[PDB]
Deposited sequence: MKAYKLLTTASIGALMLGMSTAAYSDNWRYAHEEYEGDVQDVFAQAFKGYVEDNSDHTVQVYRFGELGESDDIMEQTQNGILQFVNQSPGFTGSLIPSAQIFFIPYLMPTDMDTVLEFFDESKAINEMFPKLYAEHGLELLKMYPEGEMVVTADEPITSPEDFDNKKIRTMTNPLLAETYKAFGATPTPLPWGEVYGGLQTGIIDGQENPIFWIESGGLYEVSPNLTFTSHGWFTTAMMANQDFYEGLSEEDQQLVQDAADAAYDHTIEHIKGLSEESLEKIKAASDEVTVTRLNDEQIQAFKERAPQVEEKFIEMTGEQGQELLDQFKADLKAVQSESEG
């Protein structure tokens, strides 16, 4: 009767914004109700696979255990460097729009939408202009072999640290830098202790929303259409929020601190960085093999 929807984050976060806008559209255009579940509220991917949940929002990067190839988004420069062309990419990419749903299908999930949450931004105690600037810098990222490899290849020393300890580790010098979307940078106030921002353009934290396949396929052709329409709605709304949360975050960071610097890379500096990417692709294929090869190939085709 009621539809169960779980995501990875807390209220107000991007995935929750997408979720609520999805819930909104369904309830505004039907009698169905979407029961949302934020983090911890269920004790989740396996649940959706088993039909216990109907909808789930989980980032392909943290789905390595069920779908190794889903981690592909952690390869630096996998996708275009500018916000405009990445959006073009999510729209036209045969890899995103045709291959990926196949991968989730093999695990009993109807893939509804993949979307960028925002551009990765590096903060450090110095401005970063070349790979060499990463040398001897203990960088904290989200935990994944591909994220550590990106920075191992950049010259840096990957340094694990629970999220809630990241601020204090930047202050003490336990770490010298980290990467996060500008809005987590602003909101966490990381710029207060790590004032130099660099837009490297190498990563876009990509997430994904899907349904139980048996559930989705058991839906009337009208309900299937409703879900698709609701996902499209959640997508457009979410994209605009992201663009707008970005600039608002960049602005209020500058409103808060006079020590914050912003470094952006020209076409040629970025190129120096892309030369390091193959080391990460290899690590990706080492982890995923022939399926990874299949996926990675489409992604390279699509970027051309």
In sequence order, name the stretches of the deposited sequence that have no C-alpha in these coordinates.
1-25, 69-72, 334-341
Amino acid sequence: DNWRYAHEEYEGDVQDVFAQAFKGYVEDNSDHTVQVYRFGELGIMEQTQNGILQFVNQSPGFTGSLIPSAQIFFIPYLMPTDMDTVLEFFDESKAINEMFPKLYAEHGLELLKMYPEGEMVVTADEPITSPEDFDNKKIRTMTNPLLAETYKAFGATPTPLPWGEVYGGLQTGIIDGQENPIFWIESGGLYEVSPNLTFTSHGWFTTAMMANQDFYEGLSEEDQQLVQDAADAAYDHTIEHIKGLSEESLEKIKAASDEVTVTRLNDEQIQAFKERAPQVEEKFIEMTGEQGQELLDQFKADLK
From here on, numbers count along this sequence of modelled residues.
When the C-alpha temperature factors are averaged for each of 80-88 and 181-189, which stretch ends up with the higher value in the entry?
80-88
Please work out which of 292-300 and 278-286 has the higher mean CA B-factor as recorded in the PDB entry.
292-300
Maximum C-alpha temperature factor per the entry, among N57, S69, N266, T238, belongs to which one?
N266
What third of the chain, by the recorded C-alpha B-factor, contains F215?
middle
Give the position of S30 by CA B-factor within its chain, expressed as the lowest, middle or highest third.
middle
Chain-relative CA temperature factor third for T172:
highest
Looking at the C-alpha B-factor of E221, is it in the lowest, middle or highest third of its chain?
highest
Sort the modelled residues of this chain by their C-alpha B factor and say whether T159 lands in the lowest, middle or highest third.
middle
